[PDB]
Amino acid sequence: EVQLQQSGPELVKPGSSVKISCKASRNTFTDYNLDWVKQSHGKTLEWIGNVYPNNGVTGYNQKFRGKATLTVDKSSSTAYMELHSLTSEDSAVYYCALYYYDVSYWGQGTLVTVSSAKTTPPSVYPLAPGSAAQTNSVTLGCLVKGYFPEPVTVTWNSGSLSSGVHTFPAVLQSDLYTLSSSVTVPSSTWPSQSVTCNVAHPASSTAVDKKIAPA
């Protein structure tokens, strides 16, 4: 029932600080507990600290004192984590976790990158087959090249194409991110019904639309 949304992905210069947010949306729980959890490189989870928003109490992992400060604001059901004095070690996905008894809600995660890298919007390149194809289904795809930082999110027909989509993890290569996405459609729908990949880059505010025409 309760929605937990966390602020978009940050890019910070090393030595700077950032404050990420997290808000209980349609919360009817007077009190409840907010955990902050960090996850590095897609595996290990470490508890940072917590707050009981209504009202007061804050607890820290020793490890994160001087690194994270935790505060709340019930003038708007929002919780805040200030990450202090950032190093490359601080680059991670940071999760928001509401607990109230049986109920548990984790946010969608906020991805922090700690770098100096410039914020380059990605080139988006359509991928269409050559002089022949067709076995039973046909395969298309988008290449999303030379961007920074992560994340980007690919959608086919604005999400209305969900069957046979593979969007792959990005690989950093010479300080730039590249990812690709494939979509597989029935032989007899392309090129007849328009197909488009929608690439969003929340960090350079680019939302790009690229149709796929046969080469």
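When you see a residue number, it is the position in the sequence shown, counting from 1.
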item: Residue range whose averaged C-alpha B-factor is higher in the record, 130 to 138 or 104 to 112; value: 130 to 138
item: Third of the chain's Cα B-factor distribution that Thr28 belongs to, per the entry; value: highest
item: Among modelled residues of the same chain, the CA temperature factor third for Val185; value: lowest
item: Assigned third (lowest, middle, highest) for the C-alpha B factor of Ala213; value: lowest
item: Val154 CA temperature factor, ranked by third within the chain; value: highest
item: Ranked C-alpha temperature factor of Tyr177 among modelled chain residues, by third; value: highest
